[PDB]
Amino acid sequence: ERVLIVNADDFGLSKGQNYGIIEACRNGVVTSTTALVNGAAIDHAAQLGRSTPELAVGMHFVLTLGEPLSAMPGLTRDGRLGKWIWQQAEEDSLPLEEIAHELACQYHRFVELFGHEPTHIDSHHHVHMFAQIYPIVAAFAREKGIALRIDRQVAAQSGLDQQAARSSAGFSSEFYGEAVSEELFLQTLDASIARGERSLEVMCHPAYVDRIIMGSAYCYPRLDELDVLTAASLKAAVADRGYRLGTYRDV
C-alpha cells in the first residue's frame, strides 16, 4: 500500500561503514544503499554487495571527496575533488561537460564493480540537486531507465522539474544527528503520510567505527543509527503504518 525505501549513503567509504550497512540490512530495515565508486573501500563494498542479494545498490555520484575517475581540470585541485563546488556553482563556473562525462564514467565503473545497473542515482553532499547539475543527472537516469533521489523541497525552491526522473513520492534527510532515535525515524514517516505520500526514501548513515569514520565530524552517531535501524520495535512500527519495505526498483 505504501513503500518505504531506507537508503544508507556512502557504501564504499570505509570497511566499517560497509559492515554497518550490511548489518542494518540483514538484521534491520535498510533496504538500499548508494555507493561511492571511487571510495577507499569500494572493492570491499562490491564483494559484500555480490554476497547480499537482499540489499539493493544505487550510485552515490560524488564530486567533492575522492579523486575523480576521469580528468576534470575544470574542477579538481591538486588532482582531488573538494567542497569549493558550492561557490563554483553560485559563480556559474561549473565545468558542466566535465561533470557530465564524470557521471558517465562513475556509472560505467558502478556496473563493473557490482554487475548490475544501479537502481537509482543520488549524490554525496546532495550535489546532484544543484540547479545546473540536476537536469543533467536526471536526463541521465531517465536515459538509463533508473530512478533518482529527488529532494522535492529543494527542487521546488529552485524551479526544478519534479518529474525529471522516476523517484519516490518524497525524500527525508531528517534522520541524522546526535539525538537519533526511533521517535525521530517515525516522525519522518508520519510527516510523509500526512503529506499524502505513497512512497518515501529515508536517508541514513549506519556504520561501525574505524579510523576513517573517526576522521569525520559525524562519527559516533552512526552507531546510534545502526542501533535504531536494527531494533525489532522499528520493523513493527513500519509494518504498523502500512509500509512495505522496498527499493527504488518498486518505483
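Numbering starts at 1 and runs along the sequence shown.
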### Task
State which stretch shows the higher mean Cα B factor in the entry: 111-119 or 156-164.
156-164
## Note on the structure
The stretch carrying the higher mean Cα B factor in the deposited entry, 28-36 or 48-56, is 48-56
### Message
Sorting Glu182, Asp210, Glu201, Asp43 by Cα temperature factor from the record, which one lands on top?
### Response
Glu182
### Summary
The residue of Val238, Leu229, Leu13, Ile21 with the maximal C-alpha B-factor according to the PDB record is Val238
### Task
For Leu186, return the chain-relative third of its C-alpha B-factor as stated in the PDB record: lowest, middle or highest.
highest
## Note on the structure
By the entry's values, the third containing the CA B factor of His125 is the middle
### Query
Once the chain's modelled residues are ordered by C-alpha B factor and cut into thirds, is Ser216 in the lowest, middle or highest one?
highest
### Task
Please place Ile85 in the lowest, middle or highest third of its chain by C-alpha B factor as given in the entry.
middle
### Task
Tell me, lowest, middle or highest third: where does the Cα B factor of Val137 rank within its chain?
lowest
